[PDB]
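Peer 1: experimental coordinates for this protein are included below, preceded by the sequence.
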Amino acid sequence: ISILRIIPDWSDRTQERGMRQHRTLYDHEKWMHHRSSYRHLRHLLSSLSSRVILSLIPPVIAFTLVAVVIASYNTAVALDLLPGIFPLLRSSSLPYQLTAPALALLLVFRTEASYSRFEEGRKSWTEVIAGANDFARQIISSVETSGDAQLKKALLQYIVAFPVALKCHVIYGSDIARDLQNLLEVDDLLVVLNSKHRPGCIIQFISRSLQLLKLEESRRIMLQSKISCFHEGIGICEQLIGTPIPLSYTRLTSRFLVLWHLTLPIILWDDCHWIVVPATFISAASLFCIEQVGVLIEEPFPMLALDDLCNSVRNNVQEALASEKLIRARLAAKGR
Amino acid sequence: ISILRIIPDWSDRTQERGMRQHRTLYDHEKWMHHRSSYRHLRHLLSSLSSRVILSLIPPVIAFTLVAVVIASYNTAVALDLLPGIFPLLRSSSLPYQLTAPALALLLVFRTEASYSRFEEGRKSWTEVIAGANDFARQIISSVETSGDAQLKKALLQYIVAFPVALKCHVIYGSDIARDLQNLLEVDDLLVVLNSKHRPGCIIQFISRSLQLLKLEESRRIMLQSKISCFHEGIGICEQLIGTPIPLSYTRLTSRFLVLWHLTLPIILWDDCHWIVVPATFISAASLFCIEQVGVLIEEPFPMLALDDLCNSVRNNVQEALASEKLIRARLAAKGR
Amino acid sequence: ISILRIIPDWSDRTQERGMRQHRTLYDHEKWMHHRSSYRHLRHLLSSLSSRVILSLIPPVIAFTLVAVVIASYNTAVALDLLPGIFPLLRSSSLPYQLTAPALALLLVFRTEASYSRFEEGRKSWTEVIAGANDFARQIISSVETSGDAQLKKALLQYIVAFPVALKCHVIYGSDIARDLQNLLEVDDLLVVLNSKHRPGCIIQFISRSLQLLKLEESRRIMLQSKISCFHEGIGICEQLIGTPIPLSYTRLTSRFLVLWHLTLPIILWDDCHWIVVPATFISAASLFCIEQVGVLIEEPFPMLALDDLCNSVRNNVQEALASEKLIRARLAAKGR
Amino acid sequence: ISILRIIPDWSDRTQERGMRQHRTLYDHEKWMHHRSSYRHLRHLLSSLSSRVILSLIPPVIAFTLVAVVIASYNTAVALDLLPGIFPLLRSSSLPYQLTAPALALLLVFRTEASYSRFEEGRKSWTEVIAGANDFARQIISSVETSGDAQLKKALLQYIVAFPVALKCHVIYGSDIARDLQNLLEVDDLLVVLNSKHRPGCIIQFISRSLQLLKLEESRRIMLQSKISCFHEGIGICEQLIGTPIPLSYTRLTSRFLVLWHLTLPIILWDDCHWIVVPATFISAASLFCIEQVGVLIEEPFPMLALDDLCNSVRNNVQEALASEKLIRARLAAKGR
Amino acid sequence: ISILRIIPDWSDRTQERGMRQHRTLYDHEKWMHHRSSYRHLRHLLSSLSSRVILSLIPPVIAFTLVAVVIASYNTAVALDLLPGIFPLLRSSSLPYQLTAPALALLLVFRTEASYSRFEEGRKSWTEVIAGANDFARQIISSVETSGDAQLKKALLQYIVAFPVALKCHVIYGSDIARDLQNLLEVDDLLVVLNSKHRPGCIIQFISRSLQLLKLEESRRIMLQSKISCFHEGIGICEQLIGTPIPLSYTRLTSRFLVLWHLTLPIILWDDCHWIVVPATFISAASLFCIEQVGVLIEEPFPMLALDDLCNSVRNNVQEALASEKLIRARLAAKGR
């Protein structure tokens, strides 16, 4: 049997297969294609290849089968085939015209709640990447002692490694031992691997490196006040992945949807007979789609493009280390 | 009599029994189950085991009984059994089709107001746990004097004890003497027990420990500027548990709901006769459910999973104290 | 005449009498009663004792009298009593079915605007009370010189007096000379009384006390950076009480309501005859109630429970001063 | 001709005449009058004296004339006066019953967008006035040297002058040479007058005054960190007056309104004949009014009462300078 | 063929041609014209010259052609021209009257999501320009050594160059080598040109200039704490241009729109015959317009007027450098 727990398992397999897809940062050409006139034709032709439509098949099939049974029973009562003790399963649409606004508002507000979490995650990552950039810039400008060349090089290696370590902590199946192969030294990477909380371990490396630096006390206090950003980022990411939206607030939306779609063929039979099947199909493909988008967007980190966000910090620190000698030579030639 | 103050007392007993339920942080597998295709069937089969549906029985029963009396009186006036001086209790639906949007918007906005408080509580806890982590990291990195080993150990014990003490202050029936058994020393725990404001007492311990530390004045000022986070967290939690949403804003929603559900059988009699009973049942189970979710989510701390949030800080400080010697040995071998 | 400026004056007298009502912080038992099943019956039986319903009588009576005149004129044109030159005052409901959403959205958005101001006031007070707590804690921990015992005692007296002084500034009829009797000394209270801006005067006392303290310059700069919170709190409270929501944004809502309720009997006459009186009554009691809640919640400080918020700071500083000797004795016994 | 560019010019003249109206801060009595029962009668009787209703005449007259032409043509086709080749200009209301929600939501959301800008401006001013108060308080408490009496007096004169200078920069026709007559000295005011950016010039005065003050370096750094508030305030005000809401987002609302009101008589003719004129009148007076309120509130500074906000800072600094000797004498008598 | 990929390519060419349009800051006269009575006539006459209407032709033409085919087939089935096996393609409007609210809310919420990004971009730029102003003011006031005249002049040149460099990074086709011709020296501009991340390079110049300045350590730490604003601004701009709104959240809106507009002639045929063509035209020109505005506003930087925002900082630093001697001479004459 196709409906006997086969469609829902295939839907889940495909949905989890689509979660681990490579994302890239938008540049200007992608934005041109996004704003283009062909966008509507594109989105149409891209369905049956998207997570949201492929994960929507079970509900829509279930609610179309119910409408076919309602229709085939009301059609059996008329032009009667069965004993006259069975009534027509029909009703008035007036009760559901006074409640449609409530269901519409509840679905749209739940989707907005989910988008809020998406935005929170994006901002948290924005502040982490900005802070890693600013800390690395300050370390390059501040650390000047010839005797602390070795520790500075290590100190800039642990900053670039922090966004990667945090990205491996919030993404289900990633290998931190492969992403940090070329960043950390062989002996420092084993200390990170033995730790249960890898980003916490890299923070401890950075904090201990800043103590052994022969800086003035004022400058050391200034430098070590930038670590608080990494703590805040770790916190926000852990809470966004640990603490979902209220389950009451979500089961409400689910229960209301199922009840509305079960009795919708009964209120619509009186005016459109046998047209309730496509009406139920369209209602189930629209209202359930709105809920599904919100469910997918809610743990936000699988759809954020963190690899290019980490690569940006890596590239920026490499560029800043390469451009040091030219800038120092240009600023040395001021009045001489 | 089942309706004579029996259902509302059983509903309250069950509702308060469900408030004190153990919550856990979501990991990745829980998120897989949450996003799955079987979610709708699950939420259906989980009803009659949830707070929101079990606390919804009194209103829905009350408003279905009213509809049965309206119906059984209108049915008595037709095919008359009674003197002809009694009129039919019927009306037009047109007045309620111009006001449905207002009730829908008012209910959904009240629920969003409640979710705002839920989010405020979650963020407050996020900042408290992040700050406890950051303070503990800085104390481990900064305190280096051999003569202050004893006070440092105590200083890290009062940081881990702060989130627990704050969690026992915002949760109705918890024993702080059992949660802090293995964290604080026997003599320091009695000073916390005799205090009316336990988190305030632990803050006073931390502040006094930071004065007796033989630190430089700049470093002491840097360290003691991290205590402000704990004050802010205490404040926000106390205000969220002390100051609810305006009672005007809540009694409005309640009064409007009761009035709409009392007269709903009268406006719906003219088109659906005797179908007003199930219509009233569905309207009362949907509109009252939306309000109930909002009432439950509004004091937010019973549904936040604070035990795993405190355990995280405990584990992190233990891991950081265990990994100190390896990190110091690795950073010592830079140029030697 | 009852309607000749008698009902509106009694309504105003009662409304202003209900503004000055004692509020208490919610504890856990109050929250139990709030979430209970009996809440709906309670809110019903509590009407005719609430500000919002007693201040709603004039509009609802005015709009019910209009409907009675419309009805008694349409009933006079039919079964004619009058010359045939007078037409029936009836219309179509179709124009008002395309505009109902706009009025619903405008009323609900105005109420949300008002709740935003309520939340702003609550947060402002949260930050003021948290800052007073944190400043007092730091003064207790930092000030250690035996020669500055007298000034420290005064310095902690002006912190506790600040929330009270600010509460008397934002509450219409309060006596600051009675609330500060037991807090300030007899000579310092006369300097506060002669000032036009009392919270500003207490801030000047705190700032001058921090200069005469024989502290190190770093520690004095740290201590006097906490006064900025009190300035910010004063600012926000003054702006919330001085600058209301745009009068355009409010007169719009009022004008739209009055116009909709004047012509509502004319559009509803064609389907429900003489049932327009109760329909007008219900519409005026619902739509006007939504607006009234928003008007009451808008200057937010009369409904915030500031006395218990100030008493909290008083109690906390007393408890911290009493627990000093035990904490110092416990921390002295670390390695000796 | 009254309609030939006469009504729109008179409307603009009156609208710009009403922009430059004196505003005062609300005290408690004004709040009593605002919350009163007579408010609805007041707002009614105040129309034909308000900006929003007087600037609404052109659109409402234009759309009522269109409805009169539609009606007088449909009435000419019936009881025919003209050749039978002209059809009746009638339609079905069903298309506009599925789109009314969209127009309602778009208008209300645009008005909320405008109120957001109003709130941004109010908060920006709140932070500027609070910061000017806090800077002035700190300068009074900190500057103690007898040799810097002359510069301190000037330093407090430039703080009070800053809110006035910023208010003259964001208000169209104000004279800064008259508002600063009694605040600045005759020679310092000419340097401000010759500058293109007056608030920027006063900031440069304050910054240069803080360098010539014989303060300790820590205290000078603390004092000059308060200037950043004035920069932030200048920025926010300039951006709010320079960068309006997207013109796409505004022309959409305008175009949709004009199209809906042009064809509204055609869809409403089929049920109400000749009643489309008042229906069009009411729709144009309600929907256009909602848009107009939003247009007026959008550059927010003409309706904020900045003169009383500046006068507050002036009064507070005068009061603090007058109360210095009493506070110093009271604090001197602590143990002596 | 006009419809064979000709209209969509011309629409895209025109749309991208309109993206690169010069924007200016609003002054007071522009605000007068914006609030004027003639605004509605203006917006009407300005269509067929706007991006949003010219990019709306393909969808509206496509959905009007569908309605013409539906109409010309239903008209062929009636007054039959074809074999009687073909049914009438008609339906009931009742299913779409219960779903209209959902589509309205989804479109308006997506447009609000886009406006949120517009506001984020505006605020980010506000903070960058304010910070550049404040840093430049502090450098002018602080740097006093005669031997560091040459480096100060350069230091003020790199601050003014930062907003320009950031503007060339977020705007598709701009020449940074032409915008910085008169700002930077010939040798310093080549170091900026060779860099992949130009704003990052200018930040490295500023940081290295602040190290070679013979300042006190406290003052150097104060000055170099202002660079963090430029990092935060770079971050926010890069994330706003790299990370768009969820594609699920956007393809949902597109798919729902296309499905609603394809079947709209079928539900509207039963009451308005052949009037479905203009109804489809109006629905497609309104609902698609709302979506298009949101798509255009979403990457926010092409419609922000950044050239006048950079020119403001340039002018302000020139004015502050010119007014230094007058202010110093005025403040020198205090007691002498």
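Peer 2: Received, thanks. Numbering: from 1, shown residues only, chains lettered A, B, ... in the order given.
Peer 1: name the residue of chain A that lies nearest to chain B.
Peer 2: Nearest residue of chain A to chain B: residue A:235, at 3.3 Å (C-beta to the nearest C-beta). No exception for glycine: its C-beta is placed from N, CA and C like everyone else's.
Peer 1: got the angle between the top helix by length along chain A and helix D:100-142?
Peer 2: Counting by DSSP state H, the longest helix found in chain A is helix A:100-142. Calculated by axes from the mean of the first three to the mean of the last three C-alpha atoms, to 10 degrees, helix A:100-142 forms an angle of 40 degrees with helix D:100-142.
Peer 1: helix A:100-142 close to chain B?
Peer 2: Yes: using C-beta under 8 Å from any C-beta of the partner chain, helix A:100-142 comes into contact with chain B via A:101, A:102, A:103, A:105, A:106, A:109, A:113, A:116.
Peer 1: so how far is the helix or strand just after that helix from its chain's centroid?
Peer 2: As assigned by DSSP states H and E, the chain's next helix or strand after helix A:100-142 is helix A:149-169. Distance of helix A:149-169 from its chain centroid, counting by C-alpha atoms, centre = their mean, to the nearest Å, is 25 Å.
Peer 1: show me what whichever strand or helix holds residue A:207 is in contact with.
Peer 2: For residue A:207, the host element (DSSP H and E) is helix A:198-211. Residues outside helix A:198-211 that contact it (C-beta atoms under 8 Å, 6 or more residues apart in numbering or on different chains) are A:151, A:154-155, A:158-159, A:161-162, A:165-166, A:168-169, A:176, A:188, A:191-192, A:195, A:220, A:223-224, A:227, A:230-231, A:234, B:133, B:137-138, B:140-142, B:144, B:316, B:319-320, B:323-324, B:327-328, B:330-331.
Peer 1: cross-check the residues you listed against chain E and keep the overlap.
Peer 2: Within these, nothing lies near chain E by C-beta under 8 Å from any C-beta.
Peer 1: burial check on residue A:70, number of neighbours?
Peer 2: 22 (other C-beta atoms under 10 Å in any protein chain shown).
Peer 1: about what we covered before: quick one: residues contacting the closest residue in space to the residue of chain A closest to chain B that isn't next to it in sequence.
Peer 2: Of all residues not flanking residue A:235 in the chain, residue B:130 sits nearest, at 3.3 Å (C-beta to C-beta, 6 or more residues apart in numbering or on different chains). The neighbours of residue B:130, taking C-beta under 8 Å, 6+ apart as the test, are A:231, A:232, A:234, A:235, A:236.
Peer 1: need those in TSV with secondary structure and neighbour count, can you?
Peer 2: Shown next, in TSV, are the contacts of residue B:130 (DSSP: H, G, I helix; E, B strand; the rest coil; neighbours: other C-beta atoms under 10 Å in any protein chain shown):
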residue	secondary structure	neighbour count
A:231	helix	22
A:232	helix	19
A:234	helix	26
A:235	helix	23
A:236	helix	21
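Peer 1: closest one to chain E out of those, please.
Peer 2: Nearest member of the contacts of residue B:130 to chain E, counting by C-beta to the nearest C-beta, is residue A:232, at 13.6 Å.
Peer 1: so that closest one is in contact with residue A:127, correct?
Peer 2: Yes: between residue A:232 and residue A:127 there is a contact under C-beta atoms under 8 Å: 7.1 Å.
Peer 1: does stretch A:106-122 come close to chain E?
Peer 2: Yes: using C-beta under 8 Å from any C-beta, stretch A:106-122 reaches chain E at A:107, A:108, A:111, A:112, A:115, A:118, A:119, A:122.
Peer 1: whoops, I mixed them up, stretch A:287-301
Peer 2: Yes: interface with chain E: stretch A:287-301 contributes A:287, A:289, A:290, A:293, A:296, A:297 (C-beta under 8 Å from any C-beta).
Peer 1: what about the third one, neighbour count?
Peer 2: Applying the criterion other C-beta under 10 Å, we find 24 residues in the vicinity of residue A:290.
Peer 1: same check, this time on the fourth one
Peer 2: Other residues near residue A:293 come to 23 when the count uses other C-beta under 10 Å.
Peer 1: which element is it on?
Peer 2: helix A:276-297.
Peer 1: which parts of that helix are buried?
Peer 2: A:276-277, A:279-280, A:282-297 (16 or more other C-beta atoms under 10 Å in any protein chain shown).
Peer 1: re earlier: the helix holding residue A:207: which residues count as buried?
Peer 2: Buried-residue list, helix A:198-211, by 16+ other C-beta under 10 Å: A:198-210.
Peer 1: thinking again about what came up before, so which other helices or strands are in contact with the helix holding residue A:293?
Peer 2: If contacts are counted by 3 or more C-beta pairs under 8 Å, 6 or more residues apart in numbering or on different chains; DSSP states H and E, helix A:276-297 sits against helix A:51-54, helix A:57-77, helix A:100-142, helix A:247-268, helix B:28-35, helix E:94-97, helix E:100-142, helix E:247-268.
Peer 1: with distance to residue D:252 added, can I get the ones you listed in TSV?
Peer 2: Below are the helices and strands packed on helix A:276-297 laid out as TSV (distance: least, C-beta to C-beta, whole Å):
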stretch	distance to residue D:252
helix A:51-54	28
helix A:57-77	33
helix A:100-142	20
helix A:247-268	30
helix B:28-35	36
helix E:94-97	23
helix E:100-142	9
helix E:247-268	16
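Peer 1: tell me which of these sits nearest to residue C:63.
Peer 2: helix A:100-142 (24.5 Å; C-beta to C-beta).
Peer 1: find the closest residue to chain C in chain A.
Peer 2: Counting by C-beta to the nearest C-beta, chain A gets nearest chain C through residue A:101, at 8.7 Å.
Peer 1: by neighbours, which of the residues of stretch A:106-122 next to chain E wins?
Peer 2: residue A:111 (26 neighbours).
Peer 1: quick check, central residue of chain A?
Peer 2: In chain A, the residue lying closest to the centroid (C-alpha atoms, centre = their mean) is residue A:300, at 2.3 Å.
Peer 1: what's around the closest residue to that one other than its chain neighbours, how many residues?
Peer 2: Once flanking residues are discounted, residue A:300 sits nearest to residue A:121: 3.6 Å by C-beta to C-beta, 6+ apart. Residue A:121 has 21 neighbours, counted by other C-beta under 10 Å.
Peer 1: any idea how far residue E:135 is from residue A:331?
Peer 2: 18 Å (C-beta to C-beta, to the nearest Å).
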